[PDB]
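Report on the following structure.
Neighbour counts run over all protein chains shown; Cβ positions are idealised from the backbone, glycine included. Here, each number is a calculation from the coordinates, and none is a lab measurement.
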Amino acid sequence: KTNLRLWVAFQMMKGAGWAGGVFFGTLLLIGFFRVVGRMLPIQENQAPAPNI
Amino acid sequence: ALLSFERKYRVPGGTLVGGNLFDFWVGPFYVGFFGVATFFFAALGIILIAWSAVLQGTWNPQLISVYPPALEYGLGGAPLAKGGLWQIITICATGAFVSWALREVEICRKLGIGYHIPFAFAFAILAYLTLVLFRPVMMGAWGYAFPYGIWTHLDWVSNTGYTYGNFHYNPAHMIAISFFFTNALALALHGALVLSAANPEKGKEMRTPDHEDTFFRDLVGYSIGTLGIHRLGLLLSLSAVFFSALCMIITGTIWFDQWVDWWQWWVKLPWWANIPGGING
Amino acid sequence: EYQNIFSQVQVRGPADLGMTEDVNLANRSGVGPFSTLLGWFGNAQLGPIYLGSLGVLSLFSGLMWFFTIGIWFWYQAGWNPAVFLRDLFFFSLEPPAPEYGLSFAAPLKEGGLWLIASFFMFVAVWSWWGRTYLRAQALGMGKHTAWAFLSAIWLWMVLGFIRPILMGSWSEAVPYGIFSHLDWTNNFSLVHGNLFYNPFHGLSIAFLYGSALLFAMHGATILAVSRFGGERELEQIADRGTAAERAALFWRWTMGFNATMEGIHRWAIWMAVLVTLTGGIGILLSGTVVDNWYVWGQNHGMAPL
Amino acid sequence: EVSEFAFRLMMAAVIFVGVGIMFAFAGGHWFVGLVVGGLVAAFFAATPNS
Amino acid sequence: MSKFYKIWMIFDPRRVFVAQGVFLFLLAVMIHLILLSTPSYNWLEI
Amino acid sequence: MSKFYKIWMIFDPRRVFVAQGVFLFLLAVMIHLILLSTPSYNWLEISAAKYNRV
Amino acid sequence: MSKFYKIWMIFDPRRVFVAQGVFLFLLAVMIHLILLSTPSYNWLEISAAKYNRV
Amino acid sequence: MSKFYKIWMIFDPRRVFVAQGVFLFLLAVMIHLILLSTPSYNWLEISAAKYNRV
Amino acid sequence: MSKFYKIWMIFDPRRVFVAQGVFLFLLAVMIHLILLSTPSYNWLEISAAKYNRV
Amino acid sequence: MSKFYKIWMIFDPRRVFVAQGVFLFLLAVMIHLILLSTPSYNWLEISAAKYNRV
Amino acid sequence: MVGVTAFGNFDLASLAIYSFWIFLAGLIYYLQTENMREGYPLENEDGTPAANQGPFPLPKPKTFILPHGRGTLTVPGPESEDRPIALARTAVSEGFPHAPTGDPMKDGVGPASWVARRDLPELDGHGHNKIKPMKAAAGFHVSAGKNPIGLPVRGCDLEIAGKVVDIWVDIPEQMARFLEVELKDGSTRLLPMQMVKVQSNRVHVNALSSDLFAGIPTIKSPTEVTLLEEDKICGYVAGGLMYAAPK
Amino acid sequence: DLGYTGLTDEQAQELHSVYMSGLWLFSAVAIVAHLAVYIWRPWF
Amino acid sequence: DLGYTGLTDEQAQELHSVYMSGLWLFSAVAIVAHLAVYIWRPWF
Amino acid sequence: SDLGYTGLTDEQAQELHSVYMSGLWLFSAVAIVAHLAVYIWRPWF
Ligand SMILES: CCCCCCCCCCCCCCCCCC(=O)OC[C@H](COP(=O)([O-])OCC(O)COP(=O)([O-])OC[C@@H](COC(=O)CCCCCCCCCCCCCCCCC)OC(=O)CCCCCCCCCCCCCCCCC)OC(=O)CCCCCCCCCCCCCCCCC
Ligand code: BCL
Ligand SMILES: COC(C)(C)C/C=C/C(C)=C/C=C/C(C)=C/C=C/C(C)=C/C=C/C=C(C)/C=C/C=C(\C)CC/C=C(\C)CCC=C(C)C
Ligand SMILES: COC(C)(C)C/C=C/C(C)=C/C=C/C(C)=C/C=C/C(C)=C/C=C/C=C(C)/C=C/C=C(\C)CC/C=C(\C)CCC=C(C)C
Ligand SMILES: COC(C)(C)C/C=C/C(C)=C/C=C/C(C)=C/C=C/C(C)=C/C=C\C=C(C)\C=C\C=C(/C)CC/C=C(\C)CCC=C(C)C
Ligand SMILES: [Fe+2]
């Protein structure tokens, strides 16, 4: 049944699309924090490594 | 297996992902979709901690430490034995925490209660993510995060604090500490009051909420009430964690010097900057 | 959508004077004003406050302590209101110098006035503890508040009275200032190695984080089940309802085990008295038994060595 | 829809920022702006218009 | 594989498909980040 | 040995299959990460050394 | 020791089977990790040294 | 000595058996860890030194 | 002294037996740890020195 | 002096017995640790010096 | 006492830490045993006692003396549900949900469950009813919020279900507890105040749709509400969230 | 016929046929991508 | 005669038959992969 | 009498224990063969 095939595809796509939206949203958030750290004067004032 | 009243509450509904799939219990625990996810992530993290202990060469649980990548790696990958395992464990810990929160949401909506507990947990998850993700990403490297060890993450705390002189001169730090101390005080007082009403002098009847109200009105002249005390506890805990997250996020990103030096803006206010007396004059 | 964080309607009636179990009603005051802000968050009524003999003692001694510290701050400011406001948080009453030991011969400017203020504070705090005990007794309640306060008093006594005597010097004690006692804690950790490696420090921090964790958990649970009248816990103990059952089942399905409407309060009181009790022990051990906590950790498998 | 309290809070925040910049320029220090703006914003937000 | 189809009389096909889509996407992401973290195969670097 | 089918008389197949999938995937990922952690059997670095990619 | 089957009148087989499966898996992982921690029994390193892999 | 069976009238067998199993396993693990911690009874190092496994 | 059995009309026999078992095991472990920490009476090190196993 | 039995009509025997046992054990352990801390009465060191177990 | 060890590295700090570990184990045991005073012994899903009961033994009974001659309560004790539960097993094996036989909100199962509390009103410290309608409460009035009396009540289906006529007030705490809502048929229902949002020109009940307002359990006496009636009402209104999701 | 899901035997057979079709198509796509990557840069 | 799941004897026997089929298929794939790895790079 | 906590009779307990012992002995035999292989490969005594 072709409708059965397309329904399986639709459920698979729903799961994959929800997961991808979440993961890419997190990746965008990481890029946001990275860019706003680039604008900050962190490059001038750099802290020492706290793990010894 | 079940509590004497548990049977009527175990009904088929309230899931977020999946349906009758994963809608069952394992002993006392509820294991939905996010129960499976939480178990997977937590087991992976624990085995990876043990394997890092194997790599490091120690079996003492107080000496086991999993270190972030060195600063030379920036925000990229690292070799597994030199910071990759820390990154994998961080991803697993984040997944375990978020799946735990979502499982709690599923339980909340199966039982018909409000979602206060997952929200409160999300505050702690955000504090952890501030320490492990947001601050290192702004600062430019994964090596500004803390290691996964019982006594070495305390070394991270000590070194990070002493980079900026004495750390409890950070103002948001002061607010967070005040909230933490106030919260512990409120918790002690609340537990003691409820117990004293429920457990009066021997041979007496149980006290009522009027007796509790009267006890604190006699003591301090004000009683906040039962709803009030529970709101106060929730907000005190969340405000403590929020202000700790703030004081850390502004620490290596906006501030760079000793905090005791930050407090000089009040002293150098123009109308008393030069008056010759006291401590700063 | 209503999260029950703030009241949305506020009602006022006649003020509640309280119970009359065996309280001496002549020692009470009248009811104070009602406050709408407190009504938004909790109860609006202020008062009546009980003030008996132990209350007079506590008020007098605490007032004298506050006044002594304030007059010293005014002396340090040069009697200048502007300097007093500017260098507030910088003034301090310091304890005697280490040369004087435990003796009471230190001058007023050096450490004598600190001793006077400390006597006033000691009397005030112990009389307040007695007041909490007697206020619990008058109403017929148990004395749980008194013993939790006794834990807090134990830490306060170790910090200010017991450890200076074991160390043999009043200079070991805490100054009366805002930034000064913070500098005191930092120097205490530095002199004694690393206070992170004090194990009772670690237990105290565990129980402080535990108080925050537990009481966020508990406040959130009571707010979540308050749609069933969960906040009236004293009758959920006597008549278990659906609120207590749903709370227990939430925590049992989540983390495998749960509590009662009363056992959770036992957990709460113990989780807070433990932070203060372990802290007292850890401070008493510092300097008298261990002079360097990092070396102790190295010898006890906590540091790499 | 938004509540009257919510509107008061939005406008209190914008008034806080505005008056803060305003009196941080007028006075020599940012603390003057913070104090005046926070007092005005608190007074504005504590008095919902309904 | 004679009678593997009987797995669908054990589990709901819709929910299995959604969960399997989630699993496949997360596995792909895992393998891709493993590849990126290596100095070689980092196609963005080249 | 011929009587082992009676394990399904004790355990419902749904929970068992869920747990078995979780366990098997976890074990596979664990073994792969252990192999990637060692200089030898890190097939990516072995390939890089063999083909002089550096 | 011919009446040991009566343990199944004391303990429910399903609880026992689950608990012992967890116990056996964890014990196996523990022993393997101990052997991997020992340089003279870390078979990965032994094979790398035997076949001259650096 | 012949009346020790009456202990089962005092104590519930289920909890006794569970606690005894946990205690025995933990005692065995503790003794094994103690032996592994001593250089003269770590049988893995002893084998590594008897057979020349540097 | 012949009337010490009356202690069992004062103390619950089941609570006493559990408290006593915990107490006795903890005391035994503590004494063994004390003896292991003294270089004399550490039987493992004594045997190692006696048989030249170092 | 012959009426001290009357103490048992104002104190409950169970509380007294439990408190007495806890207090006695703690006192004895404290005194033993004090003696072990002093080198003059550390019998494990006196015996070692007597028989030259060093 | 610095450096003074009894044996090995065992000094007063080690003594203190081991003493604390023993005390903490004992205290955790005590706390869990005190927690075990409700819902035990554990049961099978067919009601019989469970073979497995747990590591912690059941505590000795303790007795509460309830105020106002309400009696005593001994816990742990013999606790029965005392109400029929309209649920059916979906699996022979344990660990699976139980399905409602009929109407779950009517039958009171799942998120719509209620407990057979006492059929008496809850009392204050003087013996009067704790909760009273604001008309019965002498000297009470709405102080500082949006007064809901007269506002239309709207269910989750965008339709009007009645109007607010009175507020039921907790006299000792001086807080509002219930909203009295008159329906189309001239009958009043009580809504928990924690379950309604008081907007500018309406009261919104998200948990319950307009028709379902008719099925809220009523109170037999107009001037007071007992603990059983509070459980019935609150359970129904809360279960509306799960069982009124369609429409 | 345990039938915890409500599908009959024939429904399960038909759905498994379509699911096998998809699994093999996905396998082919993954195989061709792997062959491309192996030609570009082998990992053995 | 003992039953905890509601499966009959034959139902459990058939479930075990197909479960063994899947287990043996999975194990055969595992052996082939292990043989390939061992030929590629032995670990003994 | 029976002394039953799980509701198993004697016959059900015997049949369950027989099958459990079969499984235990198979697991143990596999472990023994594994230990023989390891000991030939690298003896630890
Ligand atoms: C071998 C070493 C290990 C040792 C232990 C190992 C033994 C095995 C494990 C044992 C552990 C058991 C734990 C279970 C206790 C739970 C009992 C309970 O909560 O309810 C029962 C009972 C009342 O239950 P209830 O049902 O609510 O009663 C209602 C009543 O009807 C009406 O109410 P009420 O009027 O009767 O009173 C209510 C209150 C009542 O309970 C009490 O009365 C407590 C009394 C105060 C504590 C005693 C210290 C005070 C100083 C002594 C002077 C006064 C002594 C006389 C007290 C008057 C009693 C008549 O009940 C409470 O729940 C209060 C809870 C909070 C108590 C916190 C007290 C902390 C004070 C801090 C003192 C710091 C100074 C020294 C610090 C240590 C020094 C290094 O409460 C208690 O019995 C409390 C026990 C107090 C424990 C004291 C702490 C020990 C600290 C040691 C730390 C570890 C040492 C490591 C350092 C070593 C350094 C070298
Ligand atoms: C550089 C600084 C050092 C350090 C130095 C110290 C020292 C020194 C001490 C602590 C102590 C504590 N520290 Mg430390 N601490 C460090 C790092 C940390 C970190 C961290 C994340 O890094 C954390 C979470 C903590 C946490 C803690 C707490 C658990 C604990 C204090 C309990 C308390 O409530 O005290 C506050 C409560 C009191 C003092 C009790 C007060 C009770 C009395 C009765 C109140 C009288 C009030 C008076 C009458 C008021 C009038 C008021 C008006 C009526 C309004 N520390 C580092 C390593 N910390 C204490 C402790 O116990 O350690 C073992 C302590 O003494
Ligand atoms: C650190 O330690 C290291 C990693 C170094 C080594 C330590 C290692 C360990 C501890 C390894 C563990 C090895 C184990 C214990 C492996 C377990 C392997 C198993 C038990 C695999 C199971 C394979 C079974 C499989 C895939 C399932 C086949 C089942 C099927 C397709 C489904 C059956 C289809 C059905 C049933 C229809 C039924 C329905 C009706 C109506 C009849
Ligand atoms: C650090 O210390 C080290 C690790 C170095 C050394 C210390 C070591 C220790 C402490 C080692 C512990 C070794 C132990 C204690 C091992 C336990 C081994 C056991 C006891 C294994 C049990 C194996 C049982 C197995 C596989 C079960 C086979 C059972 C079956 C299939 C179940 C069949 C029974 C059935 C199905 C019910 C069917 C009948 C009916 C009527 C339905
Ligand atoms: C205009 O403003 C006026 C002048 C009207 C008043 C304003 C006043 C001010 C600015 C007051 C300042 C209050 C402050 C800043 C207080 C600082 C209080 C702190 C922060 C204390 C912090 C740690 C203190 C600790 C642990 C104290 C422990 C004290 C003790 C146990 C008491 C010990 C009692 C004993 C030592 C001495 C024994 C001698 C005799 C005769 C018994
Ligand atoms: Fe509470």
Sequence of M:34, B:168 once ranked by neighbouring C-beta atoms within 10 Å, starting from the fewest: M:34, B:168
Inter-centroid distance (Cα atoms) of segment C:55-74 relative to segment C:169-220, Å: 26
Amide proton proximity set for residue K:125, modelled H, under 5 Å, gap of 5+: B:210
Cα pair distances exceeding 23 angstrom across chain C, given as percent: 71
Label zone at residue K:141, where the point sits 7 Å out along the Cα-to-Cβ direction: segment K:174-211 residues whose backbone N lies under 18 Å: K:174-176
Too-long pairs where the Cα-Cα distance tops 22 Å, listed order kept, from B:110/K:220; K:106/K:197; B:202/K:62; K:146/K:197: B:110/K:220; K:106/K:197
Distance in nm between pseudo-label sites at residue N:45 and residue B:263 (7 Å out along the Cβ direction from Cα): 7.0
Sites residue L:10 and residue K:44, calculated FRET efficiency, Cβ-Cβ separation with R0 35 Å, nearest 0.05: 0.40
Efficiency of FRET between residue H:35 and residue N:25 - r from beta-carbon atoms, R0 30 angstrom, step 0.05: 0.55
Overall Cα dimensions of chain F - principal axes, largest extent first, Å: 58, 23, 15
FRET efficiency, 1/(1 + (r/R0)^6) with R0 25 Å, evaluated for residue H:42 and residue N:36 via beta carbons: 0.60
Rg followed by Dmax, in Å, when chain K is reduced to its Cα trace: 25.4, 86
In order through segment C:285-300: 3J(HN,Hα) via Karplus (6.51 cos²θ - 1.76 cosθ + 1.60), integer Hz, x for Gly, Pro: 6, 5, x, 7, 10, 10, 9, 8, 6, 5, 5, 4, x, 4, 6, 10
Residue-count net charge about residue M:44 - beta-carbon cut-off 12 Å; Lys, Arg +1, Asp, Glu -1: +3
Partner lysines for residue E:6 [C-alpha distance under 24 Å; skip if fewer than 8 residues away on the same chain]: A:1, F:3, F:6
Taking C:121, A:13 and counting other C-beta atoms within 10 Å, the order from fewest to most: A:13, C:121
Evaluated at q = 0.08, 0.14 Å⁻¹: base-10 log I(q)/I(0), Debye formula over Cα of chain B: -0.55, -1.20
Net charge, residue I:54 excluded, C-beta distance under 15 Å - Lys, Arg +1, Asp, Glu -1: +1
Backbone HN-Hα couplings from phi across segment C:4-18 [Karplus 6.51/-1.76/1.60, Hz, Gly and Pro as x]: 6, 8, 10, 5, 9, 10, 10, 10, 10, x, x, 5, 9, 6, x
Calculated SAXS-style log₁₀ I(q)/I(0) at q = 0.15, 0.18, 0.20, 0.25 Å⁻¹ - segment C:32-103, Debye, Cα scatterers: -0.84, -0.89, -0.90, -0.98
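Please compute the Kirkwood hydrodynamic radius over segment C:187-276, one decimal place, Å, based on all pairs of different Cα atoms.
It is 14.8 Å.
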Rg ratio (alpha-carbon, reference 2.2 N^0.38 Å) - segment K:1-114: 1.78
Distance between modelled label sites at residue K:19 and residue C:37, nm, 7 Å Cα→Cβ extension: 4.7
Net charge, residue B:165 excluded, C-beta distance under 10 Å - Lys, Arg +1, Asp, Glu -1: -2
Rg and Dmax [Cα atoms of segment B:1-66; Å; Rg one decimal, Dmax integer]: 18.0, 52
Per-peptide average of other Cβ atoms within 10 Å, ordering C:140-147, G:1-8 highest first: C:140-147, G:1-8
When the convex hull of its Cα atoms is projected in every direction, mean area for the protein assembly as shown (nm²): 64.3
Karplus (6.51, -1.76, 1.60) ³J(HN,Hα), θ = phi - 60°, over segment G:41-54, in Hz, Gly and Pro reported as x: 10, 6, 5, 5, 5, 4, 5, 5, 6, 5, 9, 6, 10, 10
Cross-link reach list, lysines versus residue I:50, counting only Cα pairs under 25 Å and skipping chain neighbours closer than eight places: H:50, J:50
Debye equation applied to the C-alpha atoms of segment E:5-46, log10 I(q)/I(0) at 0.14, 0.27, 0.35 Å⁻¹: -0.50, -0.87, -1.04
Least to most buried among C:218, B:211, M:16, N:35 (fewest other Cβ within 10 Å first): N:35, M:16, B:211, C:218
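If N is the number of residues in chain L, what value comes out of its Cα radius of gyration divided by 2.2 N^0.38 Å?
With N residues counted in chain L, Rg over 2.2 N^0.38 Å equals 1.89.
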Shielding by partners, peptide K:79-89 (average Cβ within 10 angstrom, other chains): 2
